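*Asks:* Based on what follows, work out the 3D shape:
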Amino acid sequence: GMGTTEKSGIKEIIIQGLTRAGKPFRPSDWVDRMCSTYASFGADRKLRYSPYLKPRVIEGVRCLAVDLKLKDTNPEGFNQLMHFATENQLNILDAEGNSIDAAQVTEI
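*Replies:* Numbering: from 1, shown residues only. Dropping the coordinates below:
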């Protein structure tokens, strides 16, 4: 804010389920889809949502937390996950839940 916020040390982010217009995106299971989308069967024919991805609730809105470690191991995956925010125009937040841009993330 007209001060030194030259980058940060963000290591977890939260894609809000609420748009830049302040209204909540649909379907309400969008958060559940992004888990499935990166899941796999764990050799026992049950799906296993990967650890780098979990639902939340904040201010009553659902939203999806994302671990930045996934970018180390599969940067393409996390990239496409970030892009989904820009798609539905969701408020990209950080670990505290301040509204940020994706440039503050995929450059660490």
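*Asks:* immediately after the helix ranked longest in the chain, which helix or strand?
*Replies:* Using DSSP state H to define each element, the chain has its longest helix at helix 75-88. Using DSSP states H and E, the helix or strand that follows helix 75-88 in sequence is strand 90-94.
*Asks:* That following strand - contacts with which helices or strands?
*Replies:* On a contact count with 3 or more C-beta pairs under 8 Å, 6 or more residues apart in numbering; DSSP states H and E, strand 90-94 meets strand 12-19, helix 75-88. Every residue, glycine included, has its C-beta placed from N, CA and C.
*Asks:* Check which residues of the shortest one are buried.
*Replies:* By neighbour count on 16 or more other C-beta atoms under 10 Å, the buried set for strand 12-19 is 13, 14, 15, 16, 17, 18.
*Asks:* for it, the distance to its chain's centre please.
*Replies:* Centroid separation between strand 12-19 and its chain, computed with C-alpha atoms, centre = their mean, to the nearest Å, is 6 Å.
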